[PDB]
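One structure is given here, and the rest of the page talks about it.
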Amino acid sequence: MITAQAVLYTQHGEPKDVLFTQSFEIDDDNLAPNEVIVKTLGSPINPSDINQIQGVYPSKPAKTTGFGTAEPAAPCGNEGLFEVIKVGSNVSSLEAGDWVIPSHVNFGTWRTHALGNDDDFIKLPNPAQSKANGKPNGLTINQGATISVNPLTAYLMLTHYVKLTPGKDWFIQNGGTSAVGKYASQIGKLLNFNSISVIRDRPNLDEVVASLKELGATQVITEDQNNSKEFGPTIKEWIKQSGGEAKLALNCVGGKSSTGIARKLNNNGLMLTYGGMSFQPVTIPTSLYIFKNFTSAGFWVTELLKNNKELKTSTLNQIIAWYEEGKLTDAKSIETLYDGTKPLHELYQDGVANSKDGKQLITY
Amino acid sequence: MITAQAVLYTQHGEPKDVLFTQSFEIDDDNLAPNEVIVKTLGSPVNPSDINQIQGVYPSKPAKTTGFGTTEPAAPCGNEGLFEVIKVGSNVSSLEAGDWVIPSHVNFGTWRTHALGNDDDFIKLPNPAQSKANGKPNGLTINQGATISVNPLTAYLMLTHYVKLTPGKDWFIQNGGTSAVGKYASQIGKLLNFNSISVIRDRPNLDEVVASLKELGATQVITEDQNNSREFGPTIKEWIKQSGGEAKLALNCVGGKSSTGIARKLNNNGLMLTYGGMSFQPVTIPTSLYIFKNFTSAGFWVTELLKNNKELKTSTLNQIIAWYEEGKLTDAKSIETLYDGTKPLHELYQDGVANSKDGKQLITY
């Protein structure tokens with residue numbers, strides 16, 4: 001038997017209020033033919049995971065007694081990295097030692113172990129396998145545990161919706177220092193797309209600007225410049241002189257910021273909203289729709305890839321390859337190792353509380 | 001002290017999600033004068049038990065903390081067979097070794113033992129008692145465990161509502177191979193009622209038709225024949241040539257099936273609906289109401305017998321008699337024995353998931 005720990009809730013609410021830790025047993029000596037047991041290496045805290053516990057995100061795991069609670073309870077977390085420790089007599093796709101991520105959302109990754117079927121998981125290369133394959137880099141734990149949401153989001157928004165002509169066309173984004181924003185700048189560099197990042201002003205602005213330009217942003221402007229009637233024509237010139245067009249905007253902020261990035265598109269532009277900065281609706285002037293033929297749409301990676309294995313696979317492979325090749329870099333997570341000396345749910349509660357410090361990764 | 005196990009839920013939902021097993025203690029040295037301890041021999045899984053757990057059946061036991069849970073919990077299952085293991089000093093109606101069923105619904109039969117009062121139970125003859133009383137057969141565990149819903153249902157629909165003239169009149173039923181269907185065919189033979197059973201087509205139709213006719217159906221037709229304009233007059237001839245009338249329809253399917261059987265009744269017919277095949281409302285041509293004085297009503301054994309001990313008794317006594325005399329046969333259940341190597345609730349969960357295989361009886 002294996003003694004595992006899982007972070008559960010029986011009722012929706014704030015994570016500080018409703019999370020608890022449940023001890024449960026996995027029988028590693030009684031695997032059905034297609035079953036696999038995995039041990040968690042690391043899982044992050046994403047806003048979607050929090051929203052899910054809060055009961056305000058319309059994709060969630062069922063509440064059940066399967067972790068040994070009398071009250072139906074749900075697990076937490078939608079992405080993470082695991083290591084296979086044992087497989088059933090009919091599993092060929094996975095082997096002990098393989099690294100895996102969940103093949104689907106709502107699996108529950110804020111826990112020490114899981115029993116599932118082989119098709120509940122997608123194999124990524126472990127560093128030993130990347131090296132054996134002659135790659136310069138194996139994946140880090142953070143890179144594996146955070147590969148499923150933010151990198152795929154950036155890549156798919158940039159390539160799946162409108163075709164940007166390499167060396168000519170532009171995308172514009174707000175939240176330029178966000179995880180997705182930073183991946184989008186790198187991917188624009190890799191694919192030869194021009195881009196403008198819009199960021200909030202700060203004391204070390206010129207420094208942040210240089211850092212984003214190194215990642216791949218062609219130009220970086222402040223939210224004040226995005227708002228600025230005076231500054232607008234300068235942006236028009238950048239795009240005009242390049243020979244291409246600003247065809248795509250990526251919005252994770254809403255409000256004035258979304259208006260600002262939409263205004264900077266050429267006619268027939270598309271905006272994708274993939275996130276929201278608390279309470280702020282997407283605000284677009286009527287004139288853009290009517291006279292510029294602007295279009296505003298959504299992006300949700302969970303829904304897009306729900307029943308599109310081929311698109312997931314192809315996108316995942318590209319992200320893995322770029323990590324192995326050293327061509328893509330993650331932002332560093334704040335990593336908190338689960339010891340057994342402190343209840344697991346408290347580690348994630350702290351992580352929720354300390355969210356603004358940076359991405360929280362609980363490790364094992 | 002007796003260590004016992006009960007299948008419970010604290011919240012309604014799917015059995016696969018909300019069931020768990022609770023250990024609890026029964027004090028066998030501390031019986032009140034009218035109390036009785038029993039030990040379960042077997043209890044079936046019926047659709048109403050499932051619908052009760054699901055929270056969509058308007059008859060259910062109260063949730064209490066009486067099994068030693070923190071949250072209020074309900075027990076599961078409404079019928080079953082028990083053996084009396086001890087009685088209090090004022091109990092004359094029962095003795096250790098006796099067989100009993102619950103006297104009322106909502107007792108909770110998916111468990112190893114129960115403490116109740118003597119009027120919580122109804123005595124059935126155990127095999128030893130049946131043979132000692134000169135009868136050719138004692139009841140099987142399956143027969144006792146399933147005596148209280150389906151046999152009483154068939155008996156009462158056929159005798160309690162419209163008086164069918166022995167040797168002449170007809171009833172028609174759909175769900176011909178269901179448990180209730182097969183009891184009704186047998187009761188029709190026993191009481192000398194003519195009957196049509198409507199069934200779904202299958203590769204071994206020849207075998208099923210012969211089986212139903214042996215049980216006592218006068219005629220067996222498929223649902224295609226039930227729907228058939230061409231076939232309709234052939235049925236009218238059966239009835240007409242008999243000198244009797246088709247006075248009663250038993251409906252457990254709804255939809256087109258319910259339409260078809262309604263149309264086969266003579267003037268002044270009565271339909272009883274006692275079940276449905278998921279989301280299919282009872283559908284009756286307007287013309288039958290207006291021009292043929294048709295009536296459609298419902299049957300719910302639980303409600304009919306709730307405050308009618310006399311009718312429940314009389315009916316049960318006849319079914320017991322027929323089983324003892326070898327004049328009634330049950331459909332064989334798929335039996336799963338509880339031996340403590342697998343939690344009891346999982347036995348019931350498997351039985352729910354496997355309901356299509358046939359009637360599931362958990363044994364002890």
Side-chain angles (χ1 to χ4, degrees), chain B residues 6-9 12 34-36 38 40 43-64 66 72-82 91 93-94 99-111 114-124 143-163 175 178-181 183-184 187 248 250-252 270-276 282 295-322:
Chain B
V7 183
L8 309 178
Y9 60 92
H12 290 284
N34 296 141
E35 279 176 349
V36 166
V38 305
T40 312
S43 48
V45 183
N46 301 324
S48 56
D49 304 321
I50 294 167
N51 296 154
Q52 205 178 59
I53 294 157
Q54 288 170 327
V56 296
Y57 189 81
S59 182
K60 63 191 165 115
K63 298 175 198 49
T64 73
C76 300
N78 297 274
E79 75 172 332
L81 185 64
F82 305 83
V91 179
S93 76
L94 300 174
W99 277 18
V100 295
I101 62 165
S103 60
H104 297 88
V105 292
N106 300 331
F107 190 68
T109 61
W110 297 4
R111 55 179 164 143
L115 175 92
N117 296 142
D118 64 336
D119 55 20
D120 289 338
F121 301 102
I122 290 171
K123 191 181 165 173
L124 291 179
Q143 287 162 6
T146 60
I147 202 158
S148 72
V149 176
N150 288 337
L152 313 194
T153 289
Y155 190 88
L156 291 162
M157 284 189 302
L158 290 175
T159 57
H160 194 55
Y161 293 89
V162 55
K163 176 167 137 242
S178 70
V180 170
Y183 291 126
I187 298 163
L248 179 58
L250 309 182
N251 167 58
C252 63
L270 172 66
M271 173 178 288
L272 294 176
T273 289
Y274 74 96
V282 180
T295 304
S296 51
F299 178 86
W300 190 18
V301 66
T302 292
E303 184 61 32
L304 182 63
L305 297 189
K306 187 169 141 180
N307 300 305
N308 206 329
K309 193 208 198 172
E310 313 109 82
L311 185 59
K312 176 171 242 221
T313 292
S314 178
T315 303
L316 221 15
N317 284 355
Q318 175 67 95
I319 301 309
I320 291 159
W322 283 336

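Atoms considered below: every heavy atom in the structure, side chains included; atoms not considered: hydrogens, waters and symmetry mates. In what follows, chains are A, B, ... by sequence order, proteins preceding strands, each numbered from 1.
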[atom1] of [X] to [atom2] of [Y]: how many Å apart, nearest 0.5 Å?
{"X": "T313(B)", "Y": "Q318(B)", "atom1": "OG1", "atom2": "CD", "value": "13.5 Å"}
{"X": "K123(B)", "Y": "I320(B)", "atom1": "NZ", "atom2": "CD1", "value": "10.5 Å"}
{"X": "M157(B)", "Y": "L152(B)", "atom1": "CE", "atom2": "CG", "value": "11.0 Å"}
{"X": "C76(B)", "Y": "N106(B)", "atom1": "SG", "atom2": "CG", "value": "11.0 Å"}
{"X": "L304(B)", "Y": "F299(B)", "atom1": "CG", "atom2": "CZ", "value": "5.5 Å"}
{"X": "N117(B)", "Y": "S103(B)", "atom1": "CG", "atom2": "OG", "value": "9.5 Å"}

Counting only N and O atoms by type, is there a donor-acceptor contact under 3.5 Å from the side chain of [X] to the main-chain atoms of [Y]?
{"X": "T153(B)", "Y": "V301(B)", "result": "no"}
{"X": "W110(B)", "Y": "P44(B)", "result": "yes"}
{"X": "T40(B)", "Y": "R111(B)", "result": "yes"}
{"X": "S314(B)", "Y": "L311(B)", "result": "no"}

Test side-chain hydrogen bond (donor to acceptor under 3.5 Å, both in side chains) applied to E79(B) and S148(B), step by step: CA-CA 7 Å; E79(B) 75 172 332; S148(B) 72; 2.7 Å; yes
Locate the shortest heavy-atom distance separating [X] from [Y]; write the atom from each residue and the value.
{"X": "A154(B)", "Y": "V180(B)", "answer": "CB-O, 3.8 Å"}
{"X": "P75(B)", "Y": "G108(B)", "answer": "CB-CA, 3.8 Å"}
{"X": "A179(B)", "Y": "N150(B)", "answer": "CB-ND2, 3.5 Å"}
{"X": "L81(B)", "Y": "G144(B)", "answer": "CB-C, 4.0 Å"}
{"X": "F121(B)", "Y": "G116(B)", "answer": "CE1-CA, 4.1 Å"}
{"X": "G298(B)", "Y": "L272(B)", "answer": "O-CD2, 3.9 Å"}

Are any non-hydrogen side-chain atoms of [X] and [Y] less than 4.5 angstrom apart?
{"X": "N78(B)", "Y": "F107(B)", "answer": "no"}
{"X": "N46(B)", "Y": "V149(B)", "answer": "yes"}
{"X": "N34(B)", "Y": "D119(B)", "answer": "no"}
{"X": "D120(B)", "Y": "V36(B)", "answer": "no"}
{"X": "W322(B)", "Y": "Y183(B)", "answer": "no"}
{"X": "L158(B)", "Y": "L250(B)", "answer": "yes"}

Verdict with supporting geometry, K306(B) and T302(B), side chain to side chain contact (heavy atoms under 4.5 Å, CB included): CA-CA 6 Å; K306(B) 187 169 141 180; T302(B) 292; 6.0 Å; no
Worked check of side chain to side chain contact (heavy atoms under 4.5 Å, CB included) between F82(B) and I101(B): CA-CA 6 Å; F82(B) 305 83; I101(B) 62 165; 5.8 Å; no
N251(B) and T273(B): side chain donor to acceptor below 3.5 Å: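 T273(B) and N251(B) do have a side-chain donor-acceptor pair below 3.5 Å.
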Distance-only donor-acceptor check, side chains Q52(B) and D49(B), under 3.5 Å: no
Sub-6.0 Å ring centroid separation between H12(B) and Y9(B):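 Yes, they do, as the ring centres are separated by less than 6.0 Å.
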Within the 6.0 Å centroid threshold, strictly below: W300(B) and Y57(B):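 Close enough - the centres of the two rings lie under 6.0 Å apart.
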Derivation and outcome, side chain to side chain contact (heavy atoms under 4.5 Å, CB included), residues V282(B) and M271(B): CA-CA 10 Å; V282(B) 180; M271(B) 173 178 288; 4.1 Å; yes
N308(B)/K312(B) under side chain to side chain contact (heavy atoms under 4.5 Å, CB included): CA gap, chis, key distance, verdict: CA-CA 6 Å; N308(B) 206 329; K312(B) 176 171 242 221; over 6 Å; no
